[PDB]
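Shown below: upload.cif, with mmCIF, C-alpha atoms and all ligand atoms.
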```cif
data_entry
loop_
_atom_site.group_PDB
_atom_site.id
_atom_site.type_symbol
_atom_site.label_atom_id
_atom_site.label_comp_id
_atom_site.auth_asym_id
_atom_site.auth_seq_id
_atom_site.Cartn_x
_atom_site.Cartn_y
_atom_site.Cartn_z
ATOM 1 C CA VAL A 363 12.027 18.259 7.935
ATOM 2 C CA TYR A 364 13.186 21.065 5.553
ATOM 3 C CA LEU A 365 15.944 19.858 3.209
ATOM 4 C CA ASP A 366 18.580 21.950 1.340
ATOM 5 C CA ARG A 367 18.120 21.874 -2.513
ATOM 6 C CA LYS A 368 21.900 22.171 -3.200
ATOM 7 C CA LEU A 369 22.358 18.775 -1.375
ATOM 8 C CA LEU A 370 19.889 17.011 -3.746
ATOM 9 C CA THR A 371 20.659 15.746 -7.266
ATOM 10 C CA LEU A 372 17.828 14.611 -9.561
ATOM 11 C CA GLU A 373 18.354 11.929 -12.231
ATOM 12 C CA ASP A 374 16.446 11.699 -15.571
ATOM 13 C CA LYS A 375 15.014 8.311 -14.392
ATOM 14 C CA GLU A 376 11.242 8.549 -13.873
ATOM 15 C CA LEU A 377 9.869 6.047 -11.312
ATOM 16 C CA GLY A 378 6.261 7.192 -11.282
ATOM 17 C CA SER A 379 3.729 9.715 -12.609
ATOM 18 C CA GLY A 380 0.234 11.141 -11.959
ATOM 19 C CA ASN A 381 -1.834 14.382 -11.864
ATOM 20 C CA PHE A 382 0.402 15.733 -9.006
ATOM 21 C CA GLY A 383 3.531 15.448 -11.184
ATOM 22 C CA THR A 384 6.264 12.751 -11.172
ATOM 23 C CA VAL A 385 8.559 10.611 -8.951
ATOM 24 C CA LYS A 386 12.284 10.685 -9.904
ATOM 25 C CA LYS A 387 15.368 8.856 -8.598
ATOM 26 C CA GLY A 388 17.917 11.055 -6.779
ATOM 27 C CA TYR A 389 20.764 11.273 -4.232
ATOM 28 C CA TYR A 390 20.752 13.191 -0.955
ATOM 29 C CA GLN A 391 23.749 13.977 1.340
ATOM 30 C CA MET A 392 23.479 12.785 4.804
ATOM 31 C CA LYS A 393 25.699 13.692 7.807
ATOM 32 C CA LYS A 394 28.547 11.680 6.131
ATOM 33 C CA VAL A 395 27.284 9.177 3.497
ATOM 34 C CA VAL A 396 25.054 9.908 0.456
ATOM 35 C CA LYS A 397 21.607 8.305 0.258
ATOM 36 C CA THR A 398 19.753 7.029 -2.849
ATOM 37 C CA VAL A 399 16.251 8.581 -2.823
ATOM 38 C CA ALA A 400 12.865 8.611 -4.588
ATOM 39 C CA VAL A 401 11.565 12.164 -4.952
ATOM 40 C CA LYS A 402 7.900 13.075 -5.382
ATOM 41 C CA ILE A 403 7.964 16.329 -7.417
ATOM 42 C CA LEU A 404 4.850 18.530 -7.805
ATOM 43 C CA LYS A 405 3.975 20.049 -11.236
ATOM 44 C CA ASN A 406 4.351 23.853 -11.693
ATOM 45 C CA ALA A 412 -4.676 22.333 -2.953
ATOM 46 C CA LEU A 413 -1.935 20.195 -4.585
ATOM 47 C CA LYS A 414 0.702 21.820 -2.257
ATOM 48 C CA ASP A 415 -1.422 21.217 0.911
ATOM 49 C CA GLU A 416 -1.929 17.518 -0.036
ATOM 50 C CA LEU A 417 1.903 17.101 -0.279
ATOM 51 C CA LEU A 418 2.465 18.695 3.160
ATOM 52 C CA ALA A 419 -0.274 16.486 4.741
ATOM 53 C CA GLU A 420 1.314 13.392 3.039
ATOM 54 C CA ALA A 421 4.725 14.426 4.570
ATOM 55 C CA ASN A 422 2.974 14.993 7.987
ATOM 56 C CA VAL A 423 1.651 11.400 7.978
ATOM 57 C CA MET A 424 5.020 9.883 6.909
ATOM 58 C CA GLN A 425 6.853 11.935 9.685
ATOM 59 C CA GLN A 426 4.697 10.098 12.305
ATOM 60 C CA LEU A 427 5.331 6.544 11.084
ATOM 61 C CA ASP A 428 8.370 4.481 12.168
ATOM 62 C CA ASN A 429 8.259 0.831 11.088
ATOM 63 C CA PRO A 430 10.566 -1.395 9.009
ATOM 64 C CA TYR A 431 7.702 -2.188 6.559
ATOM 65 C CA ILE A 432 6.794 1.453 5.738
ATOM 66 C CA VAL A 433 8.781 3.780 3.343
ATOM 67 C CA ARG A 434 10.843 6.260 5.426
ATOM 68 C CA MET A 435 10.595 9.958 4.584
ATOM 69 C CA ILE A 436 13.909 11.986 4.638
ATOM 70 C CA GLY A 437 12.103 15.327 4.385
ATOM 71 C CA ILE A 438 10.473 18.030 2.273
ATOM 72 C CA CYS A 439 12.312 20.364 -0.091
ATOM 73 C CA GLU A 440 10.984 23.854 -0.871
ATOM 74 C CA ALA A 441 12.838 25.051 -4.016
ATOM 75 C CA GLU A 442 11.943 25.167 -7.809
ATOM 76 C CA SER A 443 8.989 23.007 -6.745
ATOM 77 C CA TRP A 444 7.697 21.277 -3.610
ATOM 78 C CA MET A 445 9.400 17.914 -3.211
ATOM 79 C CA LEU A 446 8.903 14.984 -0.879
ATOM 80 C CA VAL A 447 12.238 13.074 -0.493
ATOM 81 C CA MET A 448 11.994 9.379 0.541
ATOM 82 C CA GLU A 449 14.466 6.457 0.944
ATOM 83 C CA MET A 450 14.383 4.538 -2.359
ATOM 84 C CA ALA A 451 12.997 0.947 -2.526
ATOM 85 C CA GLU A 452 15.061 0.220 -5.676
ATOM 86 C CA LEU A 453 13.230 -2.946 -6.916
ATOM 87 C CA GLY A 454 10.000 -0.909 -7.221
ATOM 88 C CA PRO A 455 6.292 -1.868 -7.259
ATOM 89 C CA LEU A 456 5.356 -5.453 -6.303
ATOM 90 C CA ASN A 457 2.857 -5.888 -9.173
ATOM 91 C CA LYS A 458 5.411 -4.902 -11.903
ATOM 92 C CA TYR A 459 8.120 -7.012 -10.175
ATOM 93 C CA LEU A 460 5.973 -10.187 -10.133
ATOM 94 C CA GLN A 461 4.828 -9.612 -13.792
ATOM 95 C CA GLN A 462 8.547 -9.626 -14.820
ATOM 96 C CA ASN A 463 9.673 -12.427 -12.401
ATOM 97 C CA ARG A 464 7.243 -15.362 -12.787
ATOM 98 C CA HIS A 465 9.527 -17.835 -10.934
ATOM 99 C CA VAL A 466 9.257 -16.139 -7.440
ATOM 100 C CA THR A 467 8.139 -19.006 -5.089
ATOM 101 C CA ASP A 468 4.860 -19.182 -3.069
ATOM 102 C CA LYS A 469 6.981 -19.157 0.169
ATOM 103 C CA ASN A 470 8.630 -15.883 -1.046
ATOM 104 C CA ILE A 471 5.184 -14.350 -1.834
ATOM 105 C CA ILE A 472 3.871 -15.427 1.635
ATOM 106 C CA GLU A 473 6.973 -13.774 3.234
ATOM 107 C CA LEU A 474 6.295 -10.459 1.375
ATOM 108 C CA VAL A 475 2.554 -10.367 2.023
ATOM 109 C CA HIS A 476 3.299 -11.146 5.725
ATOM 110 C CA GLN A 477 5.638 -8.084 5.863
ATOM 111 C CA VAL A 478 2.847 -5.908 4.367
ATOM 112 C CA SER A 479 0.490 -7.228 7.119
ATOM 113 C CA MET A 480 3.116 -6.297 9.787
ATOM 114 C CA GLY A 481 3.305 -2.743 8.359
ATOM 115 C CA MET A 482 -0.535 -2.524 8.280
ATOM 116 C CA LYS A 483 -0.883 -3.914 11.870
ATOM 117 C CA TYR A 484 1.409 -0.983 12.933
ATOM 118 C CA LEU A 485 -0.677 1.539 10.892
ATOM 119 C CA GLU A 486 -3.885 0.107 12.480
ATOM 120 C CA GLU A 487 -2.263 0.322 15.988
ATOM 121 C CA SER A 488 -1.278 3.966 15.135
ATOM 122 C CA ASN A 489 -4.907 4.643 14.067
ATOM 123 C CA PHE A 490 -4.056 5.806 10.521
ATOM 124 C CA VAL A 491 -6.040 4.568 7.490
ATOM 125 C CA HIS A 492 -4.022 4.085 4.303
ATOM 126 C CA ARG A 493 -6.967 4.307 1.739
ATOM 127 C CA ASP A 494 -4.808 3.224 -1.278
ATOM 128 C CA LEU A 495 -3.496 -0.217 -0.346
ATOM 129 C CA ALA A 496 -2.729 -2.101 -3.628
ATOM 130 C CA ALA A 497 0.213 -4.145 -5.004
ATOM 131 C CA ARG A 498 1.359 -1.018 -7.008
ATOM 132 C CA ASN A 499 1.874 0.698 -3.579
ATOM 133 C CA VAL A 500 3.939 -2.130 -2.108
ATOM 134 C CA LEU A 501 7.631 -1.446 -2.978
ATOM 135 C CA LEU A 502 10.513 -3.949 -2.860
ATOM 136 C CA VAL A 503 13.779 -2.984 -1.100
ATOM 137 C CA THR A 504 15.003 -6.576 -1.942
ATOM 138 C CA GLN A 505 13.191 -9.667 -3.337
ATOM 139 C CA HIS A 506 12.730 -10.535 0.436
ATOM 140 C CA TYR A 507 11.842 -7.085 1.875
ATOM 141 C CA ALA A 508 8.639 -5.143 1.086
ATOM 142 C CA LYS A 509 7.572 -1.676 2.270
ATOM 143 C CA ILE A 510 4.214 0.109 2.060
ATOM 144 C CA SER A 511 4.318 3.451 0.138
ATOM 145 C CA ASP A 512 1.957 6.143 -1.186
ATOM 146 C CA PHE A 513 0.391 7.919 1.789
ATOM 147 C CA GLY A 514 -1.284 10.591 -0.450
ATOM 148 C CA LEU A 515 -4.848 9.528 0.564
ATOM 149 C CA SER A 516 -4.001 8.490 4.205
ATOM 150 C CA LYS A 517 -5.805 10.016 7.203
ATOM 151 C CA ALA A 518 -5.199 10.217 10.951
ATOM 152 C CA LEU A 519 -8.396 8.959 12.603
ATOM 153 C CA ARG A 520 -10.220 11.250 15.084
ATOM 154 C CA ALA A 521 -9.849 10.283 18.786
ATOM 155 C CA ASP A 522 -13.627 9.545 18.940
ATOM 156 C CA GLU A 523 -14.122 7.556 15.670
ATOM 157 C CA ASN A 524 -12.677 4.354 14.143
ATOM 158 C CA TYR A 525 -13.419 5.667 10.620
ATOM 159 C CA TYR A 526 -12.742 8.616 8.288
ATOM 160 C CA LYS A 527 -15.774 9.961 6.377
ATOM 161 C CA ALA A 528 -14.930 11.294 2.868
ATOM 162 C CA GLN A 529 -16.676 14.495 1.607
ATOM 163 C CA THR A 530 -15.939 14.063 -2.145
ATOM 164 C CA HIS A 531 -15.866 10.816 -4.253
ATOM 165 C CA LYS A 533 -10.871 9.512 -8.654
ATOM 166 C CA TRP A 534 -10.976 6.459 -6.343
ATOM 167 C CA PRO A 535 -9.249 2.990 -6.788
ATOM 168 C CA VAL A 536 -12.738 1.347 -6.566
ATOM 169 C CA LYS A 537 -11.540 -2.251 -7.393
ATOM 170 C CA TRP A 538 -9.521 -2.133 -4.101
ATOM 171 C CA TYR A 539 -12.278 -0.491 -1.978
ATOM 172 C CA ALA A 540 -14.593 -2.176 0.552
ATOM 173 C CA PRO A 541 -18.438 -1.960 0.103
ATOM 174 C CA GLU A 542 -18.791 0.552 3.073
ATOM 175 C CA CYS A 543 -16.269 2.892 1.286
ATOM 176 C CA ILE A 544 -18.246 2.861 -1.985
ATOM 177 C CA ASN A 545 -21.713 2.975 -0.328
ATOM 178 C CA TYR A 546 -21.169 5.176 2.754
ATOM 179 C CA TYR A 547 -17.745 6.842 2.110
ATOM 180 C CA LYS A 548 -16.517 5.385 5.469
ATOM 181 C CA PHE A 549 -12.829 4.405 5.616
ATOM 182 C CA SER A 550 -11.559 2.328 8.593
ATOM 183 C CA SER A 551 -8.637 -0.058 9.219
ATOM 184 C CA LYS A 552 -11.169 -2.884 8.327
ATOM 185 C CA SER A 553 -11.652 -1.169 4.883
ATOM 186 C CA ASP A 554 -7.789 -1.413 4.535
ATOM 187 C CA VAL A 555 -8.139 -5.214 5.366
ATOM 188 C CA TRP A 556 -10.514 -5.577 2.298
ATOM 189 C CA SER A 557 -7.885 -3.789 0.106
ATOM 190 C CA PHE A 558 -5.207 -6.126 1.606
ATOM 191 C CA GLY A 559 -7.273 -9.136 0.430
ATOM 192 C CA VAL A 560 -7.229 -7.629 -3.143
ATOM 193 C CA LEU A 561 -3.446 -7.014 -2.757
ATOM 194 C CA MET A 562 -3.003 -10.758 -1.724
ATOM 195 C CA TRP A 563 -4.966 -11.844 -4.831
ATOM 196 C CA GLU A 564 -2.714 -9.580 -6.986
ATOM 197 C CA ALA A 565 0.507 -11.035 -5.406
ATOM 198 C CA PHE A 566 -0.541 -14.693 -5.862
ATOM 199 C CA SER A 567 -1.683 -13.789 -9.453
ATOM 200 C CA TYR A 568 1.856 -12.487 -10.224
ATOM 201 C CA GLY A 569 0.681 -8.887 -10.640
ATOM 202 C CA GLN A 570 -2.452 -9.497 -12.758
ATOM 203 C CA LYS A 571 -4.987 -6.637 -12.453
ATOM 204 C CA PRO A 572 -8.027 -7.609 -10.287
ATOM 205 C CA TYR A 573 -11.533 -7.933 -11.840
ATOM 206 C CA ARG A 574 -10.005 -7.730 -15.345
ATOM 207 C CA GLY A 575 -12.232 -6.417 -18.160
ATOM 208 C CA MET A 576 -14.925 -5.242 -15.648
ATOM 209 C CA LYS A 577 -16.243 -1.688 -15.056
ATOM 210 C CA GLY A 578 -16.176 -0.402 -11.410
ATOM 211 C CA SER A 579 -20.028 -0.540 -11.342
ATOM 212 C CA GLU A 580 -19.993 -4.233 -12.524
ATOM 213 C CA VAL A 581 -17.480 -5.058 -9.714
ATOM 214 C CA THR A 582 -19.863 -3.416 -7.114
ATOM 215 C CA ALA A 583 -22.832 -5.495 -8.438
ATOM 216 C CA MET A 584 -20.834 -8.825 -8.380
ATOM 217 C CA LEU A 585 -19.793 -8.122 -4.727
ATOM 218 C CA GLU A 586 -23.403 -7.242 -3.680
ATOM 219 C CA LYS A 587 -24.435 -10.752 -4.938
ATOM 220 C CA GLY A 588 -21.857 -12.443 -2.642
ATOM 221 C CA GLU A 589 -19.544 -13.286 -5.562
ATOM 222 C CA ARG A 590 -15.728 -13.001 -5.315
ATOM 223 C CA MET A 591 -12.652 -13.478 -7.499
ATOM 224 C CA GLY A 592 -11.524 -17.122 -7.841
ATOM 225 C CA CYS A 593 -8.420 -18.836 -6.454
ATOM 226 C CA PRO A 594 -5.223 -17.865 -8.379
ATOM 227 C CA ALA A 595 -3.347 -20.706 -10.216
ATOM 228 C CA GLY A 596 -1.145 -22.543 -7.683
ATOM 229 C CA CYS A 597 -2.199 -20.311 -4.721
ATOM 230 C CA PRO A 598 -2.074 -22.242 -1.360
ATOM 231 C CA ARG A 599 -5.607 -23.035 -0.044
ATOM 232 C CA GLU A 600 -4.866 -21.359 3.371
ATOM 233 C CA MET A 601 -3.926 -18.149 1.494
ATOM 234 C CA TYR A 602 -7.110 -18.139 -0.619
ATOM 235 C CA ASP A 603 -9.214 -18.806 2.565
ATOM 236 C CA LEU A 604 -7.586 -15.680 4.128
ATOM 237 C CA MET A 605 -8.406 -13.515 1.016
ATOM 238 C CA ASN A 606 -12.100 -14.573 1.350
ATOM 239 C CA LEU A 607 -12.029 -13.666 5.099
ATOM 240 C CA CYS A 608 -10.584 -10.187 4.110
ATOM 241 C CA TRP A 609 -13.536 -9.882 1.672
ATOM 242 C CA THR A 610 -16.181 -10.265 4.456
ATOM 243 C CA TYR A 611 -19.001 -7.909 3.338
ATOM 244 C CA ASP A 612 -20.000 -6.833 6.909
ATOM 245 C CA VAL A 613 -17.306 -4.614 8.431
ATOM 246 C CA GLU A 614 -17.991 -5.929 12.024
ATOM 247 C CA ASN A 615 -17.349 -9.629 11.063
ATOM 248 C CA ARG A 616 -14.238 -8.786 8.918
ATOM 249 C CA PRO A 617 -10.917 -9.435 10.824
ATOM 250 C CA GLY A 618 -8.605 -6.589 11.855
ATOM 251 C CA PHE A 619 -4.892 -6.518 10.968
ATOM 252 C CA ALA A 620 -3.784 -8.153 14.300
ATOM 253 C CA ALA A 621 -5.778 -11.319 13.319
ATOM 254 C CA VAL A 622 -4.660 -11.118 9.621
ATOM 255 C CA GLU A 623 -0.936 -10.778 10.616
ATOM 256 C CA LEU A 624 -1.168 -13.676 13.158
ATOM 257 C CA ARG A 625 -2.699 -16.039 10.514
ATOM 258 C CA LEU A 626 0.053 -15.059 7.994
ATOM 259 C CA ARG A 627 2.795 -15.434 10.692
ATOM 260 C CA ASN A 628 1.705 -18.958 11.753
ATOM 261 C CA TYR A 629 1.245 -20.089 8.142
ATOM 262 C CA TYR A 630 4.615 -18.592 7.031
ATOM 263 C CA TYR A 631 6.620 -20.129 9.945
ATOM 264 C CA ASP A 632 4.870 -23.474 9.186
ATOM 265 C CA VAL A 633 5.910 -23.240 5.454
ATOM 266 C CA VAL A 634 9.569 -22.373 6.315
ATOM 267 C CA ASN A 635 9.728 -25.233 8.942
ATOM 268 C CA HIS A 636 8.491 -27.676 6.222
ATOM 269 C CA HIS A 637 10.373 -28.771 2.981
HETATM 270 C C1 LIG B 1 12.698 -0.730 -11.074
HETATM 271 N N1 LIG B 1 11.682 0.290 -11.306
HETATM 272 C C2 LIG B 1 10.948 0.247 -12.565
HETATM 273 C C3 LIG B 1 11.269 1.189 -10.218
HETATM 274 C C4 LIG B 1 10.063 1.926 -10.263
HETATM 275 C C5 LIG B 1 9.660 2.665 -9.131
HETATM 276 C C6 LIG B 1 10.467 2.699 -7.963
HETATM 277 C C7 LIG B 1 10.094 3.484 -6.868
HETATM 278 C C8 LIG B 1 10.709 3.481 -5.593
HETATM 279 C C9 LIG B 1 10.241 4.331 -4.602
HETATM 280 N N2 LIG B 1 10.829 4.336 -3.358
HETATM 281 C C10 LIG B 1 10.333 5.096 -2.319
HETATM 282 C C11 LIG B 1 9.201 5.883 -2.527
HETATM 283 C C12 LIG B 1 8.602 5.891 -3.765
HETATM 284 C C13 LIG B 1 9.100 5.098 -4.807
HETATM 285 C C14 LIG B 1 8.454 4.998 -6.048
HETATM 286 N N3 LIG B 1 7.248 5.670 -6.469
HETATM 287 C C15 LIG B 1 6.217 5.950 -7.443
HETATM 288 C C16 LIG B 1 5.152 4.885 -7.673
HETATM 289 C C17 LIG B 1 4.840 3.892 -6.557
HETATM 290 N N4 LIG B 1 3.442 3.466 -6.470
HETATM 291 N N5 LIG B 1 8.966 4.228 -7.042
HETATM 292 C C18 LIG B 1 11.693 2.026 -7.956
HETATM 293 C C19 LIG B 1 12.092 1.292 -9.081
HETATM 294 CL CL CL B 2 -10.244 0.760 -9.788
#
```
As a first step, turn the structure in this file into structure tokens.
Amino acid sequence: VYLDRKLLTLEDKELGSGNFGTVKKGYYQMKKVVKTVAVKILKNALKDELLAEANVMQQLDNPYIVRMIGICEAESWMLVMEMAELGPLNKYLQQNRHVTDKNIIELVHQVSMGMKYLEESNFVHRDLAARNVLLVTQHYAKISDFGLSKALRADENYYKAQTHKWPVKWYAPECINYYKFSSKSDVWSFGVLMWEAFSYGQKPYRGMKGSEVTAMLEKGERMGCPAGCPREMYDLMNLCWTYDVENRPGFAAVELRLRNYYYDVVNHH
């Protein structure tokens, strides 16, 4: 949707940055109330990527996915989104070390619900990481950052990339080796995201080059169990890290395992 620039107010507060430009906090006027927003502003191919990112967000409607308000064509191209005011999950857990395991399970289960919907909708995220999980509240997570997302063709269950700056530590072997991105590749990333969440926002494969990560994975080696991570949660991360794409579970199976485990945790102690 095309938004009116006069109805938008930008704050000095920078929420994010990259080659595209920045993300700033703002306020947008709705029919009656005013809405707090996060605005992706482009620096003045880069314009087309923003419109495709808006096109994907327009098509998604789920409680666990950041809602887009619209696009604003003014001093620059802007993508206006509802703000998840607690911000990225990795930074939040680095600053709040006392969040319980039950609370982490709850948040990771919400991400899996959002991804089950994306899988059902036949979109591939291609940038699933804890930095792209945003907190609305300490008990409500949403998936953001659809800049690399693709709508799958009607005849294929994967997107084939033509070019190769990629978040390689979050990518499945088939992505790195064959440039093929499927919902199962997003499951691998989700396993890295789970490790990050139970490691209170620690970076995965710390001190390792992307090429050293690839070699460790090719040898059947994986990151260890995070300190105090429940065994059932670590077993699920390893299942997400199944090398062969055909034996790796899809998001329906991942979400069901997280649902049953979470409702078992809440029913106990
Ligand atoms: C508390 N704090 C430091 C903070 C930082 C970032 C956000 C925030 C919220 C957003 N909400 C909706 C869409 C994008 C959002 C965004 N984006 C950019 C990077 C995300 N990988 N950042 C909020 C608070
Ligand atoms: Cl990386």
Excluding same-chain residues fewer than 3 positions from range 593-608 of chain A, what lies within 6 Å of it counting all atoms listed in the file, as a ChimeraX atom specification?
-> /A:555-556,559,566-567
Would you output that residue set with C-alpha atoms, as a PDB file, keeping the file's coordinate frame?
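What ended up in result-v3.pdb:
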```pdb
ATOM      1  CA  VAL A 555      -8.139  -5.214   5.366  1.00  0.00           C
ATOM      2  CA  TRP A 556     -10.514  -5.577   2.298  1.00  0.00           C
ATOM      3  CA  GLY A 559      -7.273  -9.136   0.430  1.00  0.00           C
ATOM      4  CA  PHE A 566      -0.541 -14.693  -5.862  1.00  0.00           C
ATOM      5  CA  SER A 567      -1.683 -13.789  -9.453  1.00  0.00           C
TER       6      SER A 567
END
```
Could you give me, as number ranges by chain, the residues within 12 Å of residue 392 in chain A, counting only C-alpha atoms and dropping anything in the same chain fewer than 2 positions from it?
-> A: 365-366, 369-370, 389-390, 394-399, 436-437, 449
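Take CA of residue 421 in chain A and CA of residue 505 in chain A: the distance between them is 26.7 Å.
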Evaluate the PyMOL selection byres (((not hetatm)) within 7 of (chain B and resi 1)) and report residues as a PyMOL selection string | chain A and resi 377-379+385+399-400+433+448-455+498-499+501+511-512
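Contacts with ligand CL 2 (chain B) are defined as any residue atom within 8 Å of a ligand atom, using all atoms listed in the file; the residues meeting this criterion are residues 534, 535, 536, 537, 538 and 578 of chain A.
Using only C-alpha atoms, the nearest neighbour of residue 432 in chain A within the list A:393, A:402, A:492, A:375 is A:492.
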If I wrap all listed atoms of range 387-394 of chain A in a box with edges along x, y and z and add 4 Å on each side, what are its centre and edge lengths in Å to one decimal, as AutoDock Vina command-line options?
```
--center_x 22.0 --center_y 11.4 --center_z -0.4 --size_x 21.2 --size_y 13.1 --size_z 24.4
```
Sphere at (-2.4, 2.6, 10.8), radius 10 Å, counting all atoms listed in the file: residues as a PyMOL selection string = chain A and resi 427+481-492+516-519+550-551+554+619
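Checking A:417, A:447, A:543, A:565 one by one against residue 527 in chain A, counting only C-alpha atoms, you find the shortest gap at A:543.
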Which neighbours of residue 470 in chain A fall inside 10 Å, counting all atoms listed in the file, when residues of the same chain fewer than 6 positions from it are skipped, and could you give them as a ChimeraX atom specification?
-> /A:476,505-507,630,634
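Reported to one decimal place, the separation of CA of residue 446 in chain A from CA of residue 463 in chain A is 29.7 Å.
When all atoms listed in the file are used to measure the gap to residue 528 in chain A, the shortest distance among A:412, A:435, A:475, A:515 belongs to A:515.
The spacing separating CA of residue 570 in chain A from CA of residue 472 in chain A amounts to 16.8 Å.
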Missing atoms in range 377-388 of chain A should be modelled up to N, CA and C atoms and reported as an mmCIF file, in the coordinates of the input.
```cif
data_model
loop_
_atom_site.group_PDB
_atom_site.id
_atom_site.type_symbol
_atom_site.label_atom_id
_atom_site.label_comp_id
_atom_site.auth_asym_id
_atom_site.auth_seq_id
_atom_site.Cartn_x
_atom_site.Cartn_y
_atom_site.Cartn_z
ATOM 1 N N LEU A 377 10.323 7.224 -12.049
ATOM 2 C CA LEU A 377 9.869 6.047 -11.312
ATOM 3 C C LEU A 377 8.358 5.951 -11.279
ATOM 4 N N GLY A 378 7.712 7.099 -11.362
ATOM 5 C CA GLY A 378 6.261 7.192 -11.282
ATOM 6 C C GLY A 378 5.733 8.512 -11.785
ATOM 7 N N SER A 379 4.413 8.551 -12.053
ATOM 8 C CA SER A 379 3.729 9.715 -12.609
ATOM 9 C C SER A 379 2.258 9.727 -12.192
ATOM 10 N N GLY A 380 1.636 10.898 -12.302
ATOM 11 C CA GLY A 380 0.234 11.141 -11.959
ATOM 12 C C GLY A 380 -0.138 12.595 -12.174
ATOM 13 N N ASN A 381 -1.355 12.997 -11.730
ATOM 14 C CA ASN A 381 -1.834 14.382 -11.864
ATOM 15 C C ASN A 381 -0.986 15.385 -11.072
ATOM 16 N N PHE A 382 -0.455 14.950 -9.908
ATOM 17 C CA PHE A 382 0.402 15.733 -9.006
ATOM 18 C C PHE A 382 1.699 16.176 -9.681
ATOM 19 N N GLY A 383 2.255 15.286 -10.499
ATOM 20 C CA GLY A 383 3.531 15.448 -11.184
ATOM 21 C C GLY A 383 4.196 14.096 -11.363
ATOM 22 N N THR A 384 5.493 13.991 -11.012
ATOM 23 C CA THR A 384 6.264 12.751 -11.172
ATOM 24 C C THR A 384 7.057 12.344 -9.918
ATOM 25 N N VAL A 385 7.642 11.139 -9.961
ATOM 26 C CA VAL A 385 8.559 10.611 -8.951
ATOM 27 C C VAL A 385 9.873 10.301 -9.694
ATOM 28 N N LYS A 386 10.986 10.903 -9.268
ATOM 29 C CA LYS A 386 12.284 10.685 -9.904
ATOM 30 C C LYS A 386 13.296 10.146 -8.911
ATOM 31 N N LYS A 387 14.271 9.383 -9.408
ATOM 32 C CA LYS A 387 15.368 8.856 -8.598
ATOM 33 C C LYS A 387 16.335 10.027 -8.334
ATOM 34 N N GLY A 388 16.937 10.042 -7.154
ATOM 35 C CA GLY A 388 17.917 11.055 -6.779
ATOM 36 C C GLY A 388 18.911 10.580 -5.742
#
```
